[PDB]
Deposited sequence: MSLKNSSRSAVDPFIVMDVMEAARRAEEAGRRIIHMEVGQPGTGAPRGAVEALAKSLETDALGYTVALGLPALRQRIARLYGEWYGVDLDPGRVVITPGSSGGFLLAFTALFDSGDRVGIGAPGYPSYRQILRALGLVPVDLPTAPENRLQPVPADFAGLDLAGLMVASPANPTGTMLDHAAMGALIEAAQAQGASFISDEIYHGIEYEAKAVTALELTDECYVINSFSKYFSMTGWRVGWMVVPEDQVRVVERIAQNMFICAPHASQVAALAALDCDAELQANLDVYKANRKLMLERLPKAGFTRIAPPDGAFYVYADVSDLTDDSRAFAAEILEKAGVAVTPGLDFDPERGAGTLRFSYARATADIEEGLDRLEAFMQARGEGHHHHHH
């Protein structure tokens, strides 16, 4: 069988460390997992209870999400504009299908989420990586795409892998600039909720002419459940609905029952966030001490993105050495930034505080002996 061009997506560099981590554990070694981009926790107890009862999208879930926009952002949102998706992959599929045609160019910041470029290519679209600068908080600025003919622009705040966020001014400027050159604006708000001192800004606070993509996988701690949502303009709901119907793309009902309930599990989800707050405090104090002195500001999410060019020429080899010798799994930067990632690393602090404490001890000892 002959394969297509769109099928030649790139294998994730992080697979070397994750498999090596699995091999380490099979041989008997406890590894501290600082490589995963998912919460250490499962679905909140109230979500699990709700599903268990039922065993013994959804209008109520759309309505509950709409309420979240008022309570979190002071945005009055019609639930008719909330589309329930099978997660963020589903949201990206639906957004890109609604908005772009074969060969359309879509601007994405580098460093960024590895799957953006791959999903765009897989659909016959053209990802255009925008190398972002430290002085710009590793977020795109209008100048980054003023020279580029783009059909769309995608931004993330808090971002993977950096944790950096876009404040109201930064988001406004981006939206104004996108709109002015005909680039459809997509706001990835998947890590909203996982926030420290900076307040997340929904693109809905600045415009309705945007697609917002979200998920229950992060703050709501339902990674694995394949449920999320998107918000689209009033005039775009029917476009999305027909695609979702005609392509049968929707969240499992079991997952929708759980997510409805998860939205009211504020106490548990804030407890998870207290853990992230404690771990972040530890990362910020102890990583410099270990030799990781150049990091992007971890405004939100649970990542630290480090420039390690003083320590190594090849973050892939360096991550492998950290695993072998320190028993700590970290992610090379190459998946996020193919041009500059050989000199960067991403740490995740989504695990228990004791695991982070342990990870930092291991890192410190390794870097001393190195």
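May I ask you to mark the stretches of the deposited sequence that the structure leaves without C-alpha coordinates? Gaps in the modelled chain, taken against the deposited sequence, lie at 1 to 2, 59 to 68, 383 to 391.
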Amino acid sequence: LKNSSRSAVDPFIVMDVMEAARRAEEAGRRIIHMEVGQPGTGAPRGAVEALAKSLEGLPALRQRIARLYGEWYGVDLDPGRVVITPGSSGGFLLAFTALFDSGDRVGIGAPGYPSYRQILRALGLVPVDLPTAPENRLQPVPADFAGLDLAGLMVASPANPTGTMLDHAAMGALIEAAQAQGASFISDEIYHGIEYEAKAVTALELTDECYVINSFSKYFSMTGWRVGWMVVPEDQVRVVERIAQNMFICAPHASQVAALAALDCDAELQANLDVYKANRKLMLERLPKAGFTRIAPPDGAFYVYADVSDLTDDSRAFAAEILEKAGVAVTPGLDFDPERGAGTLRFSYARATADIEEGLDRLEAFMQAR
From here on, numbers count along this sequence of modelled residues.
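Would you mind comparing 135 to 143 and 241 to 249 for me and telling me which has the higher average C-alpha temperature factor in the entry? In the deposited entry, the stretch with the higher C-alpha B-factor mean is 241 to 249.
Between 329 to 337 and 58 to 66, point out the one with the higher average CA B-factor as the PDB entry records it. Going by the record's values, the stretch with the higher mean is 58 to 66.
Among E205, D299, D129, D188, where is the Cα temperature factor highest, going by the PDB entry? Going by the entry's C-alpha B-factors, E205 comes out highest.
Looking at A27, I322, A306, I32, which has the biggest Cα B factor in the entry? Among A27, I322, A306, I32, the highest C-alpha B-factor in the entry belongs to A27.
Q270 by Cα B-factor - lowest, middle or highest third of the modelled chain: Within its chain, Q270 is a middle-third residue by C-alpha B-factor, going by the deposited values.
Using the B-factor values recorded in the entry, state whether the Cα atom of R351 falls in the lowest, middle or highest third among the modelled residues of its chain. Answer is highest: the recorded C-alpha B-factor places it there.
Third of the chain, ranked by Cα B-factor, where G224 sits: Middle third by C-alpha B-factor.
Among the chain's modelled residues, which third holds the C-alpha B-factor of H168? Highest third - that is where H168 ends up once the chain's C-alpha B-factors are sorted.
Using the B-factors in the PDB entry, rank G37's C-alpha atom against the chain and give the third, lowest, middle or highest. Highest third - that is where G37 ends up once the chain's C-alpha B-factors are sorted.
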